[PDB]
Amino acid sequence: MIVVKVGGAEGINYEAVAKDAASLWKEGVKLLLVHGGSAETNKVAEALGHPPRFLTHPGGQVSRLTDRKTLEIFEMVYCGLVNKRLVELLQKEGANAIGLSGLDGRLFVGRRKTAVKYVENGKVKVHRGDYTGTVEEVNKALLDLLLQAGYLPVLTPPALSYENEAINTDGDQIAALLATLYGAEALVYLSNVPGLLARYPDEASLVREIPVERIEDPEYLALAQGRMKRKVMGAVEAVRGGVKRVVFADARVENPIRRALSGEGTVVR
């Protein structure tokens, strides 16, 4: 099992990712693809006159306000535009992809944050209509069933809350969760940069290797505390959880997945 998380930032080469995934699948490789689409969602939300709004936490720590209308646009883009673009591209390449959201078959379920603190005009308030949460359970039976039948699952949020509400959630954590549940050989994170890097945006700052043995060393403190903490420690937890390696790699280049599997990027192990 390989799990490939495709990021949703600008300049993701979907046709390049599709071409690679499809040829891996055709070679007999087990794949699970997870994707996003936050950039395209914003663009669509701008155009529909419902611009993105962000909650600044008492930290903080900013997170998208996923009100119902924002969630709906999230659904249009993640579940509609991107999911089906990716499925179509895969079918053109000879891979029988099947696109699913966390709502479908109760694939992804978790807890909704029903009261989130934020700071507006220097006063702290409580937002009760934010549809965001975690993923704590996966319908692995369904994924297993589709995998056994030979389909290539292409998965996306939103997830389903325990009260059956669609909720936004962290796509990187879904991918990490899937990778640990399946004991994945590799978990690949693709994005519009070459990998984890010390001086962003300089692409020669690329860190090649992060041994989980040495995660609490000062060398690797810089990243584990800096901008990309959530991803880095998610990877560390995944490897500890049984995933043999986690690779951060480039989604722009040709053969993004193959290069990543050959170690080109940041390898957490």
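Note that residue numbering begins at 1 and tracks the sequence as displayed.
- Higher mean CA temperature factor between 112-120 and 71-79: 112-120, per the PDB entry.
- Stretches compared: 123-131, 164-172. Higher mean C-alpha B-factor in the entry: 123-131.
- Of the candidates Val193, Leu147, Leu177, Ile98, the deposited coordinates give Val193 the top C-alpha B factor.
- The deposited CA B-factor of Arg214 belongs to the highest third of values across its chain.
- Placement of the Cα temperature factor of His35 within the chain: lowest third of the modelled residues, per the deposited record.
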